[PDB]
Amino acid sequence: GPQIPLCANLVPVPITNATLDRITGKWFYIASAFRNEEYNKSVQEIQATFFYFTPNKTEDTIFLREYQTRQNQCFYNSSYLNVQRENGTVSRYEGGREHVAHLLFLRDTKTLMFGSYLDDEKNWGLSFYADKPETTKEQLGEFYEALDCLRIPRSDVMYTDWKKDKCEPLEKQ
């Protein structure tokens, strides 16, 4: 039977053209937690990350430009996401493998989450993003609410530190 636990702030919803408009623009990676060992190992080294979404509605794709600071250096990538409208997921090929994430929303309109491996209690997790590099306490509290649905302790959360970003001064020029 169905395996994804639904709770107040963890609700998959179909991606529409209104959804694609809402996620168009620049986003900042704020925090995440997973039961999946590989994702935990990767994201624990991330100091900062921001990225740009540019949807192509007719082709069911999103153009992605990523600016990630780790090891005190700026690293860049561009690629295309595939959009699964009815499933409410996006997918990409990265690191020689496919990734799929549920696009998830909270009550505050300027944040969003990616749900990873949500049908797998051994591996599930959430990553949290906002339209500014730092969120308010109440904004972050919604992410903690969603994490409670996956029964992951807040002590497992990894956070970016915007003071450590190296990409912003380099993105243009």
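Residue numbers here begin at 1 and follow the sequence given. Rigid core here is just the name for the largest C-alpha set that superposes within 1.5 Å across the two forms.
Rigid core fits of the other structures in 4 other deposited structures of this protein place the C-alpha atoms of one stretch farther away on average; of 5 to 13 and 20 to 28, that stretch is 5 to 13. The stretch 87 to 95 shows the higher mean C-alpha B-factor when 87 to 95 is compared against 67 to 75 in the entry. Two stretches are in play, 51 to 59 and 103 to 111, and the higher mean C-alpha B-factor belongs to 51 to 59. When the modelled residues of the chain are ordered by C-alpha B-factor, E138 sits in the middle third. For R22, the recorded CA B-factor ranks within the highest third of the chain. Only modelled residues enter the ranking. The PDB entry assigns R151 a C-alpha temperature factor belonging to the lowest third of its chain's modelled residues.
When the modelled residues of the chain are ordered by their C-alpha B factor, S116 lands in the lowest third.
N123 sits in the lowest third of its chain by CA B factor, as recorded in the PDB entry.
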